[PDB]
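These notes are about the structure you will find just below.
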Amino acid sequence: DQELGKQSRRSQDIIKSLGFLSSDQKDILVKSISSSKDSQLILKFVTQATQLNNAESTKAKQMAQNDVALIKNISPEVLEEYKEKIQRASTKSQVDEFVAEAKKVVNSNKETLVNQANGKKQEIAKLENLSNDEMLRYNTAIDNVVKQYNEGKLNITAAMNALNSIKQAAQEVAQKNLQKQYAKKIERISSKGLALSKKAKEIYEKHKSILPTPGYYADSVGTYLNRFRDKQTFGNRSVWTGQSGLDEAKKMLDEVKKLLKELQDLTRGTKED
C-alpha cells in the first residue's frame with residue numbers, strides 16, 4: 001500500500017521527465033498512474049510511455065534532420081554538424097533550437113564570406129600598380145571562390161583562405177610591377193646625372209690650371225661619372241633598385257648639380273687652359 005505511495009510518485013516523475021512527450025500526452029499517462037490500484041499495471045504505463053517517447057523522439061529528430069537539409073545553400077559540413085547535434089539531443093526544445101541555430105549559421109557564414117570577398121575586391125582595386133587586365137583577373141578569381149562556396153565545393157574555412165591567397169598573389173604582382181616602374185624611373189634620373197657629369201669633366205679638363213686644389217675636383221668628377229654608369233653608390237654595394245635606389249639616385253643628381261655649379265663659378269670669365 002505504502003509502496004504505491006512511493007512507487008506511483010516515482011512512475012509519474014518518470015513520465016514528466018521524458019523529453020519528447022507533449023504536455024497533453026504526459027497528463028493522460030500521469031493521471032492513469034495515479035489512479036491505479038496495482039503496481040503491475042503502473043509498470044505497463046511507464047512501459048508504453050517510454051515506447052511512445054522513443055516513437056516521438058525518432059519522428060522528431062528525423063524530421064528536423066530533413067528540415068535542415070532543406071536550408072538552401074547549406075554547406076555539406078554545416079549540415080553534417082547540425083544533423084549530428086540534433087541526433088544527440090535530449091528533448092524536443094533542444095531539437096527546435098538546433099534547427100534555429102542552423103539557419104543563423106548558414107546566413108552568418110555566407111554574409112561573412114560575401115563581406116570579406118567585397119572587402120578584398122576593393123583592396124585589390126587600390127593596388128595602383130596592377131594592369132587593368134591583371135585587376136579583372138583577380139576580381140574574377142574572387143567571384144569564382146564565392147560561387148564554388150555557394151555550390152558547397154568549399155567550406156567556409158577553405159574559402160576564407162582562398163580569398164587571402166588571391167589577395168597575397170595580387171600584392172606580389174603589384175610589387176614586381178612596382179620594381180619595374182621604379183627601375184625605369186631610376187635610369188631616367190641616372191641619365192641626367194651622367195650628362196651633367198660629362199659636362200663637369202669637360203669643364204675640369206679645360207680649366208684645371210685655374211682650380212683651387214684641382215686633384216679633389218678630378219676625383220669628384222670621376223666618382224660621379226662611375227656612379228651614374230654603374231648605378232652603384234660604392235664599388236662593393238648593391239645596384240640602385242626600388243625606392244631606396246631612386247632616393248639614392250635622386251640624392252646623387254642633386255650633388256653633381258652643386259658640383260657642376262661650383263666648377264661653373266670657379267672658371268667664369270677665364271679662357272681655355
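Chain lettering (A, B, ...) mirrors the order of the C-alpha cells, residue numbering begins at 1 for each chain separately, and ligand numbering begins at 1 in order of display.
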
Problem set entry | Spatial neighbours of residue 220 (chain A), 10 Å, only C-alpha atoms, chain gap at least 3 places, as JSON, numbers by chain | {"A": [197, 200, 201, 214, 215, 216, 217, 223, 224, 225, 256, 259]}

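With only C-alpha atoms taken into account, the protein and nucleic acid residues at most 12 Å from residue 52 (chain A) (excluding it and anything under 2 positions from it in its own chain) are residues 15, 18, 19, 20, 21, 22, 25, 26, 29, 45, 46, 47, 48, 49, 50, 54, 55, 56, 57, 58, 59 and 60 of chain A.
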
Could you turn the residues from that selection into a file that holds N, CA, C and O atoms, as a PDB file, in the first residue's frame?
ATOM      1  N   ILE A  15       7.450   9.847 -16.045  1.00  0.00           N
ATOM      2  CA  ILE A  15       6.738  10.400 -17.190  1.00  0.00           C
ATOM      3  C   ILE A  15       7.117  11.858 -17.403  1.00  0.00           C
ATOM      4  O   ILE A  15       7.551  12.245 -18.488  1.00  0.00           O
ATOM      5  N   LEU A  18      10.378  12.569 -19.389  1.00  0.00           N
ATOM      6  CA  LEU A  18      10.622  12.178 -20.770  1.00  0.00           C
ATOM      7  C   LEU A  18      10.652  13.405 -21.681  1.00  0.00           C
ATOM      8  O   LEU A  18       9.868  14.349 -21.521  1.00  0.00           O
ATOM      9  N   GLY A  19      11.579  13.392 -22.634  1.00  0.00           N
ATOM     10  CA  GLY A  19      11.939  14.617 -23.297  1.00  0.00           C
ATOM     11  C   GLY A  19      11.068  14.933 -24.479  1.00  0.00           C
ATOM     12  O   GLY A  19      11.034  16.079 -24.924  1.00  0.00           O
ATOM     13  N   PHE A  20      10.359  13.944 -25.003  1.00  0.00           N
ATOM     14  CA  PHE A  20       9.668  14.122 -26.269  1.00  0.00           C
ATOM     15  C   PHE A  20       8.168  13.964 -26.206  1.00  0.00           C
ATOM     16  O   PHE A  20       7.502  14.163 -27.235  1.00  0.00           O
ATOM     17  N   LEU A  21       7.605  13.649 -25.043  1.00  0.00           N
ATOM     18  CA  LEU A  21       6.160  13.713 -24.919  1.00  0.00           C
ATOM     19  C   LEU A  21       5.741  15.169 -24.781  1.00  0.00           C
ATOM     20  O   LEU A  21       6.481  16.005 -24.244  1.00  0.00           O
ATOM     21  N   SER A  22       4.584  15.478 -25.347  1.00  0.00           N
ATOM     22  CA  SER A  22       3.979  16.765 -25.164  1.00  0.00           C
ATOM     23  C   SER A  22       3.301  16.790 -23.817  1.00  0.00           C
ATOM     24  O   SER A  22       3.182  15.772 -23.139  1.00  0.00           O
ATOM     25  N   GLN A  25       0.100  14.513 -23.738  1.00  0.00           N
ATOM     26  CA  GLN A  25       0.442  13.101 -23.591  1.00  0.00           C
ATOM     27  C   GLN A  25       0.867  12.762 -22.169  1.00  0.00           C
ATOM     28  O   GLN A  25       0.505  11.707 -21.637  1.00  0.00           O
ATOM     29  N   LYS A  26       1.670  13.621 -21.552  1.00  0.00           N
ATOM     30  CA  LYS A  26       2.057  13.385 -20.167  1.00  0.00           C
ATOM     31  C   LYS A  26       0.838  13.306 -19.259  1.00  0.00           C
ATOM     32  O   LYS A  26       0.737  12.415 -18.409  1.00  0.00           O
ATOM     33  N   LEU A  29      -1.153   9.967 -19.198  1.00  0.00           N
ATOM     34  CA  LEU A  29      -0.421   8.873 -18.572  1.00  0.00           C
ATOM     35  C   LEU A  29      -0.177   9.135 -17.102  1.00  0.00           C
ATOM     36  O   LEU A  29      -0.292   8.216 -16.284  1.00  0.00           O
ATOM     37  N   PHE A  45       2.154   1.171 -17.682  1.00  0.00           N
ATOM     38  CA  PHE A  45       2.011   2.554 -18.114  1.00  0.00           C
ATOM     39  C   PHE A  45       3.356   3.184 -18.386  1.00  0.00           C
ATOM     40  O   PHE A  45       3.563   3.805 -19.440  1.00  0.00           O
ATOM     41  N   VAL A  46       4.287   3.016 -17.450  1.00  0.00           N
ATOM     42  CA  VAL A  46       5.636   3.506 -17.659  1.00  0.00           C
ATOM     43  C   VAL A  46       6.264   2.867 -18.886  1.00  0.00           C
ATOM     44  O   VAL A  46       7.002   3.530 -19.617  1.00  0.00           O
ATOM     45  N   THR A  47       5.930   1.608 -19.186  1.00  0.00           N
ATOM     46  CA  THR A  47       6.446   0.987 -20.404  1.00  0.00           C
ATOM     47  C   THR A  47       5.913   1.662 -21.664  1.00  0.00           C
ATOM     48  O   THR A  47       6.686   2.118 -22.513  1.00  0.00           O
ATOM     49  N   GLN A  48       4.597   1.717 -21.832  1.00  0.00           N
ATOM     50  CA  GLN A  48       4.124   2.292 -23.084  1.00  0.00           C
ATOM     51  C   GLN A  48       4.469   3.777 -23.192  1.00  0.00           C
ATOM     52  O   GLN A  48       4.491   4.332 -24.299  1.00  0.00           O
ATOM     53  N   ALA A  49       4.786   4.422 -22.078  1.00  0.00           N
ATOM     54  CA  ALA A  49       5.165   5.819 -22.150  1.00  0.00           C
ATOM     55  C   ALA A  49       6.539   5.969 -22.789  1.00  0.00           C
ATOM     56  O   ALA A  49       6.724   6.769 -23.714  1.00  0.00           O
ATOM     57  N   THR A  50       7.518   5.197 -22.308  1.00  0.00           N
ATOM     58  CA  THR A  50       8.833   5.200 -22.929  1.00  0.00           C
ATOM     59  C   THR A  50       8.754   4.723 -24.372  1.00  0.00           C
ATOM     60  O   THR A  50       9.461   5.243 -25.246  1.00  0.00           O
ATOM     61  N   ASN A  54      10.107   7.064 -27.339  1.00  0.00           N
ATOM     62  CA  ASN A  54      11.025   6.660 -28.396  1.00  0.00           C
ATOM     63  C   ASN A  54      10.419   6.898 -29.774  1.00  0.00           C
ATOM     64  O   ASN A  54      11.081   7.449 -30.662  1.00  0.00           O
ATOM     65  N   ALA A  55       9.150   6.523 -29.966  1.00  0.00           N
ATOM     66  CA  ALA A  55       8.467   6.827 -31.222  1.00  0.00           C
ATOM     67  C   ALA A  55       8.536   8.322 -31.564  1.00  0.00           C
ATOM     68  O   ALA A  55       8.931   8.703 -32.673  1.00  0.00           O
ATOM     69  N   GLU A  56       8.173   9.186 -30.612  1.00  0.00           N
ATOM     70  CA  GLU A  56       8.145  10.616 -30.890  1.00  0.00           C
ATOM     71  C   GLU A  56       9.550  11.175 -31.026  1.00  0.00           C
ATOM     72  O   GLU A  56       9.762  12.157 -31.744  1.00  0.00           O
ATOM     73  N   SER A  57      10.519  10.556 -30.356  1.00  0.00           N
ATOM     74  CA  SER A  57      11.906  11.009 -30.462  1.00  0.00           C
ATOM     75  C   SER A  57      12.474  10.762 -31.855  1.00  0.00           C
ATOM     76  O   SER A  57      13.120  11.638 -32.441  1.00  0.00           O
ATOM     77  N   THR A  58      12.279   9.552 -32.378  1.00  0.00           N
ATOM     78  CA  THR A  58      12.592   9.288 -33.773  1.00  0.00           C
ATOM     79  C   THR A  58      11.885  10.282 -34.690  1.00  0.00           C
ATOM     80  O   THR A  58      12.540  11.044 -35.411  1.00  0.00           O
ATOM     81  N   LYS A  59      10.542  10.294 -34.675  1.00  0.00           N
ATOM     82  CA  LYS A  59       9.817  11.179 -35.572  1.00  0.00           C
ATOM     83  C   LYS A  59      10.341  12.600 -35.477  1.00  0.00           C
ATOM     84  O   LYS A  59      10.557  13.259 -36.500  1.00  0.00           O
ATOM     85  N   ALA A  60      10.600  13.077 -34.253  1.00  0.00           N
ATOM     86  CA  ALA A  60      11.057  14.454 -34.065  1.00  0.00           C
ATOM     87  C   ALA A  60      12.429  14.678 -34.685  1.00  0.00           C
ATOM     88  O   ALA A  60      12.617  15.595 -35.490  1.00  0.00           O
TER      89      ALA A  60
END

For this session: May I ask for the distance between CA of residue 23 (chain A) and CA of residue 40 (chain A), given in Å to one decimal place?
Result: 24.6 Å

Exercise. Of the candidates A:213, A:171, A:32, A:62, which shows the shortest atom-to-atom distance to residue 88 (chain A), using only C-alpha atoms?
Worked result: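 Using only C-alpha atoms, residue 88 (chain A) sits closest to A:62.
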
Exercise. Restricting the calculation to only C-alpha atoms, which member of A:246, A:266, A:154, A:211 is positioned closest to residue 73 (chain A)?
Worked result: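 Using only C-alpha atoms, the shortest distance to residue 73 (chain A) belongs to A:154.
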
Tell me, as an mmCIF file with C-alpha atoms, in the first residue's frame, which residues lie within 8 Å of residue 231 (chain A), counting only C-alpha atoms; anything in the same chain fewer than 2 positions away does not count.
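Result file is out_21.cif:
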data_model
loop_
_atom_site.group_PDB
_atom_site.id
_atom_site.type_symbol
_atom_site.label_atom_id
_atom_site.label_comp_id
_atom_site.auth_asym_id
_atom_site.auth_seq_id
_atom_site.Cartn_x
_atom_site.Cartn_y
_atom_site.Cartn_z
ATOM 1 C CA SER A 190 70.814 58.387 -63.575
ATOM 2 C CA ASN A 226 81.286 55.989 -62.434
ATOM 3 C CA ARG A 227 78.306 56.104 -60.069
ATOM 4 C CA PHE A 228 75.774 57.012 -62.742
ATOM 5 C CA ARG A 229 77.302 54.475 -65.162
ATOM 6 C CA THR A 233 76.982 54.313 -54.819
ATOM 7 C CA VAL A 239 72.875 48.398 -57.641
ATOM 8 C CA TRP A 240 70.187 51.046 -57.251
ATOM 9 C CA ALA A 249 69.848 58.317 -57.388
#

Problem set entry | Long-range neighbours of residue 164 (chain A) as a PyMOL selection string, 12 Å cut-off, only C-alpha atoms, 2 positions minimum in chain | chain A and resi 113+116-117+119-121+123-124+138+141-142+145+157-162+166-171

Keeping only C-alpha atoms, write the selected residues to a file as a PDB file, in the first residue's frame.
ATOM      1  CA  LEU A 113      32.165  35.293 -46.856  1.00  0.00           C
ATOM      2  CA  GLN A 116      35.291  39.549 -46.971  1.00  0.00           C
ATOM      3  CA  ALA A 117      35.191  38.989 -50.739  1.00  0.00           C
ATOM      4  CA  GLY A 119      36.412  43.906 -48.926  1.00  0.00           C
ATOM      5  CA  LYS A 120      39.146  42.219 -50.955  1.00  0.00           C
ATOM      6  CA  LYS A 121      37.745  43.311 -54.323  1.00  0.00           C
ATOM      7  CA  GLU A 123      41.728  46.394 -51.553  1.00  0.00           C
ATOM      8  CA  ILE A 124      42.861  44.803 -54.802  1.00  0.00           C
ATOM      9  CA  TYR A 138      41.698  38.635 -59.689  1.00  0.00           C
ATOM     10  CA  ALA A 141      39.075  34.835 -59.325  1.00  0.00           C
ATOM     11  CA  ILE A 142      37.359  36.084 -56.168  1.00  0.00           C
ATOM     12  CA  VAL A 145      35.528  31.460 -54.904  1.00  0.00           C
ATOM     13  CA  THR A 157      37.495  27.928 -43.942  1.00  0.00           C
ATOM     14  CA  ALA A 158      38.707  26.767 -47.356  1.00  0.00           C
ATOM     15  CA  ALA A 159      37.070  29.799 -48.931  1.00  0.00           C
ATOM     16  CA  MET A 160      38.490  32.366 -46.490  1.00  0.00           C
ATOM     17  CA  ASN A 161      41.945  31.030 -47.201  1.00  0.00           C
ATOM     18  CA  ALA A 162      41.415  31.327 -50.963  1.00  0.00           C
ATOM     19  CA  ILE A 166      44.353  35.611 -54.014  1.00  0.00           C
ATOM     20  CA  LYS A 167      44.958  38.882 -52.162  1.00  0.00           C
ATOM     21  CA  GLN A 168      48.570  37.905 -51.410  1.00  0.00           C
ATOM     22  CA  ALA A 169      49.217  36.965 -55.015  1.00  0.00           C
ATOM     23  CA  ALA A 170      47.785  40.280 -56.191  1.00  0.00           C
ATOM     24  CA  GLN A 171      50.283  42.077 -53.912  1.00  0.00           C
TER      25      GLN A 171
END

Exercise. Skipping near chain neighbours, those fewer than 4 positions away, what residues fall within 7 Å of region 207-209 of chain A using only C-alpha atoms, listed as a PyMOL selection string?
Worked result: chain A and resi 203+214+267+272-273

Preceding selection exported with N, CA and C atoms as a PDB file, in the first residue's frame:
ATOM      1  N   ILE A 203      84.453  70.642 -68.327  1.00  0.00           N
ATOM      2  CA  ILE A 203      84.865  71.875 -67.660  1.00  0.00           C
ATOM      3  C   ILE A 203      86.214  71.678 -67.001  1.00  0.00           C
ATOM      4  N   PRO A 214      92.987  71.167 -57.594  1.00  0.00           N
ATOM      5  CA  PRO A 214      92.296  70.503 -58.706  1.00  0.00           C
ATOM      6  C   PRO A 214      92.219  69.006 -58.561  1.00  0.00           C
ATOM      7  N   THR A 267      85.400  78.943 -62.849  1.00  0.00           N
ATOM      8  CA  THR A 267      86.015  79.219 -64.146  1.00  0.00           C
ATOM      9  C   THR A 267      85.428  80.417 -64.879  1.00  0.00           C
ATOM     10  N   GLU A 272      90.300  79.033 -72.009  1.00  0.00           N
ATOM     11  CA  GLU A 272      90.516  77.579 -72.004  1.00  0.00           C
ATOM     12  C   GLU A 272      92.000  77.207 -71.895  1.00  0.00           C
ATOM     13  N   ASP A 273      92.466  77.080 -70.653  1.00  0.00           N
ATOM     14  CA  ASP A 273      93.725  76.411 -70.304  1.00  0.00           C
ATOM     15  C   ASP A 273      93.858  76.337 -68.769  1.00  0.00           C
TER      16      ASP A 273
END

Problem set entry | Expected answer as an NGL selection string: alpha helix (DSSP H) residues in region 45-223 of chain A | :A and (45-69 or 76-87 or 92-125 or 132-150 or 156-206 or 214-223)

For this session: Please provide as a PyMOL selection string all residues within 10 Å of residue 129 (chain A), with the sequence filter that same-chain residues fewer than 6 positions apart are discarded (counting only C-alpha atoms).
Result: chain A and resi 135+170-171+173-181

For this session: Pick out the closest residue to residue 108 (chain A) from this set: A:156, A:69, A:95, A:252. Count only C-alpha atoms.
Result: A:156

For this session: Compare A:14, A:253, A:114, A:105 by their minimum atom-to-atom distance to residue 43 (chain A), counting only C-alpha atoms, and give me the closest one.
Result: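 Going through A:14, A:253, A:114, A:105 one by one, the smallest distance to residue 43 (chain A) is for A:14.
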
Exercise. What is the CA of residue 94 (chain A) to CA of residue 12 (chain A) distance in Å?
Worked result: 22.8 Å

Exercise. Which neighbours of residue 100 (chain A) fall inside 12 Å, counting only C-alpha atoms, when residues of the same chain fewer than 4 positions from it are skipped, and could you give them as a list in words?
Worked result: residues 64, 67, 68, 71, 82, 86, 93, 94, 95, 96, 104, 105, 106 and 107 of chain A
